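What follows is a short report on a single structure.
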Amino acid sequence: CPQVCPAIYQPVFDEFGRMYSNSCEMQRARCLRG
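Numbering (our numbering), first residue to last: 782 to 815.
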């Protein structure tokens with residue numbers, strides 16, 4: 782889970798219906814919870 786994410790905006794949706802700007806962000810958020 783990189784501490785940084787690319788500027789490129791790649792909105793993603795999770796099976797929880799949660800919205801994420803990009804996959805990097807997805808991993809980052811999960812990393813904090815883990």
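The beta-carbon is built from N, C-alpha and C at its ideal position, and this holds for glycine as well.
Select from the options the residue whose C-alpha is nearest the C-alpha of residue i.
{"i": "residue 845", "options": "815, 810 and 798", "result": "Lying outside 782 to 815, the shown extent of the chain, residue 845 is not represented and no answer is given."}
{"i": "residue 794", "options": "814, 782 and 807", "result": "807"}
{"i": "residue 791", "options": "803, 815 and 797", "result": "803"}
To the nearest angstrom, report how far apart residue i and residue j are at their CA atoms.
{"i": "residue 788", "j": "residue 805", "result": "10 Å"}
{"i": "residue 839", "j": "residue 782", "result": "Because the chain in this structure spans residues 782 to 815, residue 839 falls outside the shown range and cannot be described."}
{"i": "residue 800", "j": "residue 812", "result": "16 Å"}
{"i": "residue 798", "j": "residue 784", "result": "24 Å"}
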